[PDB]
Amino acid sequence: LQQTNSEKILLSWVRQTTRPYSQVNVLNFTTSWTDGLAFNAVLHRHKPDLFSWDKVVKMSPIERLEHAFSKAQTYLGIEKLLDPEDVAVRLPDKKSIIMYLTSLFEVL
């Protein structure tokens, strides 16, 4: 949930942004990110003709993460701070998630 004020602000923004997505329910800055749906939903909400949601749902978690981080790069010019494997196979580092989400929040 929300401990610091940066976490509270980012988590309500993510939750408002991802609100309309069925089967998405972001609860923290670690395990809610490992399957790759949340990052894709944050991006997609802002430009829903940018890619097909169905296509991302059919991808594996690693594919989804690589997709979201590449789409952010190519469309938003956001540097890839996270590696898909640091996210998909192990408990994500909270600091790192928040710092990447902060760069999304600023450019979106």
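Numbering starts at 1 and runs along the sequence shown.
- Mean C-alpha B-factor is higher over 71-79 than over the other stretch, the pair under comparison being 71-79 and 36-44.
- In this crystal structure, the stretch out of 2-10 and 99-107 whose C-alpha atoms carry the higher mean B factor is 2-10.
- Among the modelled residues of the chain, residue 66 sits in the lowest third by CA temperature factor in this PDB entry.
- Residue 17: CA B factor in the lowest third of modelled residues in this chain (values from the PDB entry).
- In the deposited entry, the Cα temperature factor of residue 28 places it in the middle third of its chain's modelled residues.
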